[PDB]
Amino acid sequence: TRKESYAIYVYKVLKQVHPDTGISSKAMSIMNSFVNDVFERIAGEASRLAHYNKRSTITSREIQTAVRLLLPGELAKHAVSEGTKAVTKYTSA
Amino acid sequence: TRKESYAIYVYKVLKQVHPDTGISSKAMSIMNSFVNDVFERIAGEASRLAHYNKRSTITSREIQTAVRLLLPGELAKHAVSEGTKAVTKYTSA
Amino acid sequence: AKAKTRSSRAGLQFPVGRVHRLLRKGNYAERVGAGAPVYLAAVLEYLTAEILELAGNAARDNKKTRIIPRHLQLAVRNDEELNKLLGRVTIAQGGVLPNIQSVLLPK
Amino acid sequence: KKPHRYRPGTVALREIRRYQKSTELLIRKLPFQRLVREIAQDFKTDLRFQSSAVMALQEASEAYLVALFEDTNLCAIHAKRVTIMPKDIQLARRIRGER
Amino acid sequence: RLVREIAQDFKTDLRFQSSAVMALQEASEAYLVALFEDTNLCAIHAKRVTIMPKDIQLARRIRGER
Amino acid sequence: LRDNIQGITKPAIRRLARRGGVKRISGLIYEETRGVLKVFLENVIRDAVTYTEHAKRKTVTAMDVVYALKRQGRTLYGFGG
Amino acid sequence: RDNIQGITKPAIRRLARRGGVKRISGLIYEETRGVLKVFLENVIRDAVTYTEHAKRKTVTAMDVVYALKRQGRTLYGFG
DNA sequence: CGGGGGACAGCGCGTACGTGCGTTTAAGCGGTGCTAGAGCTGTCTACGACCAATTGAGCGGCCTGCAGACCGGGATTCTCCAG
DNA sequence: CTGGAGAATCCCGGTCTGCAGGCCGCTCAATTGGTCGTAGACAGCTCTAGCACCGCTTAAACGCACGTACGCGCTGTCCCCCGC
């Protein structure tokens, strides 16, 4: 069958930051594994937080709090910025 | 309101093994916290097992596998025996 | 017929019904097998029995009739397997194992 | 007519035996509360507190410190010494992974 | 061969994906490198340049593995 | 609330070391312990406050502290669980 | 059967060199063999546990990854 | 604040290391060959979700006698030393 | 070696008290019983990869000679941490 990954989106991001830099397949696998790892970490943290407050729905607020809890300092601030701006743009859109 | 715990079951087991032994509230709450912790560990491991195998159900088999993964040696063996015995007894009756 | 508790049906002290309810509410999976909660309750009861027995032994060794957190810490730390299990656990009012290095002994 | 003072170190062993037996806290509660409130002040102002949080932090801190001291003692003994140097603490925390 | 020999006390006649063995080798080597470096720090702290097994033992003890 | 870290008196640090099984103590140690403890306290309190605010509360509960410690891999029993 | 002796001293030497070690005692090699053995059983036990619960006879690298993950040693590069 | 005893610096040594060369070996590679078991599919059946009615187990509130804590004062023990 | 001396600790009555544990009313979560849809149990199929084997080839380990520097033991100094 077919197996999904994040290869295409990562490739696009790479072309955004380094429009001329190639990549090996192994680095691609590592990147995908890292993305998945972050995903499960943040998702489990958000779910735990939601259960903590006795709530049925995971909002973007929960993700924001979880990101603050999992990321150190400046990474947390910048990621919070990105999430906020993207959410505002999508909602306005 | 009302809060639930494991207090009565802890007290019953205490009377079973050491019928003449008292217990302080603090130690009792420690016992409760320990029970909850083990519950979470075993449940999370079982859930991960189910997801890894593309299953919709958590069986006694997954509980046994998780117990094996989370417990060291003789504790694991005796717990497996106890769980199996209780399962057969419940199923027969 | 009259209701007969599943805990009695398996002959255990721990509430299998409460266990099943928590399992369903814990979002661990969509559906919960029938025999899993019994297995879990049995395992919890067994481990509780183990630790309680050790703690009672310690408390009697200290010659007191009630188990206190100090007895709990002593029992857990003295057992190798229990200490391994709770390798990352802090017990309030637990104290420490009275261990002293040899080289600091007066000679 | 002598003061009858004990040799250097026996008092230390006696007090070690005393404190490896007791379980109660070793730090004054009020200074610890002042410190923790001061530390929290920089993340959010006018923060109130349940005491149970106060002493929970106290237990966690004291246990962590005792563990660190025990590791430091082993590190110093590895240096064939009897007194701990702050370098021993640094090596210990580095090995634990906290550095 | 060592991995297969170890993988006998748990079950018999077990087959292996090659990638599993590769991952085992990678993880083991990384762990051993980290342990070597920690041992080196310990031995230096003992004013020495040669590693001796007590250094490894102290390292693992502090790491909590012991 | 200023200069409370010096509220951690030297005799307290001796008592802590003695419970840790330490016999001889340097004088250059106590400030080092103070710094390490301050780092540890900041690390836990940050997440505890995060939990307190995400619940939109104004007081910090111990239960939050338990969560913060669990997140840092240092589990504590006996405080509500 | 002494595959524990398959780890030759030169390999251990190279490993320490990548670890940044200059001088090595002769007693080290056996200690390394023991520690590595301990680590190997600790991982392989859980790997086989996963392989069995999957009702399989071949261990997959994904099982190994799970075992490492649950032991606090996350590995990338294999899915 | 006095002082002892621990930290530390310096020196001698002898040996267990490191370095380099000749030798043997087994790892690695390419190839061939075999099949067990992984992986995928169709089926249907048993099993778990769900809901209505029932009820008694467990949780809340109350009360108490005693485990244990806290005295005090002799008994006993441990250490330090002068002999 | 070895008693005294002093300090420290243990221990055993005697006293007080908070809470551990038991009792009680109630109520809501567990139980019971029945319905129904569907997850996976199971049988069956395919063909991949894992296992086995063999013959070269040559890098790598091995054994060994050898020599030196370092880990270690010892010594003296002084300062700084402990007992008070």
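Definitions and cut-offs
Residues numbered from 1 in each chain as written, not as in the entry; some residues may be left out. Chains lettered and ligands numbered in written order. Part of a larger assembly, values for the part shown. Heavy atoms only, no water. Residues with missing side-chain atoms left out of burial classes, pairs and counts. 1 Å grid on protein atoms, 1.4 Å probe; cavity = no way out; pocket = protein on both sides within 12 Å on 5 of 7 lines; lining within 4 Å. Points joined across faces, edges and corners; volume = space filled by probe spheres on them. Helix = DSSP H or I, 4+ residues; strand = E, 2+ residues; numbered from the N terminus. Nonpolar A, V, L, I, M, F, W, Y, C, P; charged D, E, K, R; others polar. Near = heavy atom within 4 Å. Polar contact = N/O pair within 3.5 Å; in protein donor to acceptor, adjacent residues only side chain to side chain.

Undergrad: Residue-level account of the layout of surface pockets, with values.
TA: As a volume, the second largest pocket reaches approximately 700 Å³. Surrounding the second largest pocket, 24 residues form its lining, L2, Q25 and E29 of chain E together with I7 and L36 of chain G being those nearest its centre. Among the elements of the structure, α1 (2–6) and α2 (18–45) of chain E together with α1 (9–18) and α2 (28–53) of chain G are those that each provide at least two residues to the lining of the second largest pocket. With seven residues, the single largest contributor to the lining of the second largest pocket is α2 of chain E. Residue composition of the lining of the second largest pocket, grouped by class: twelve nonpolar, six polar and six charged.

Undergrad: For the protein's contact with DNA strand I, give the residues involved together with the corresponding values.
TA: Contacts to DNA strand I come from 48 residues, most closely from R6 of chain C, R5 and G9 of chain D, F16 of chain E together with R14 of chain G. The sugar-phosphate portion of DNA strand I accounts for 95% of its atoms within 4 Å of the protein, the bases making up the rest. A distance of 3.2 Å separates a phosphate oxygen of DNA strand I from a polar atom in the backbone of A1 of chain C. Between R21 of chain C and DNA strand I, the recorded distance is 2.5 Å, taken from a side-chain N or O atom to a phosphate oxygen. For the surface near DNA strand I, the secondary-structure elements that each account for two or more residues are β1 (22–23) of chain B, α1 (6–10) and α2 (16–25) of chain C, α1 (10–19) of chain D, β1 (15–16) of chain E, β1 (24–25) of chain F together with α1 of chain G. With four residues, the single largest contributor to the surface near DNA strand I is α1 of chain D.

Undergrad: Summarise the protein's contact with DNA strand H; cite the residues concerned and give the values.
TA: For DNA strand H, the set of nearby residues contains 35 residues, the closest of which are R18 and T65 of chain C, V82 of chain D, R1 of chain E together with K57 of chain G. Within 4 Å of the protein, the contacting atoms of DNA strand H are 99% sugar and phosphate, with bases supplying the remainder. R18 of chain C places a side-chain nitrogen or oxygen 2.5 Å from a phosphate oxygen of DNA strand H. Within the contact set of DNA strand H, a phosphate oxygen lies 2.8 Å away from a backbone nitrogen or oxygen of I24 of chain G.

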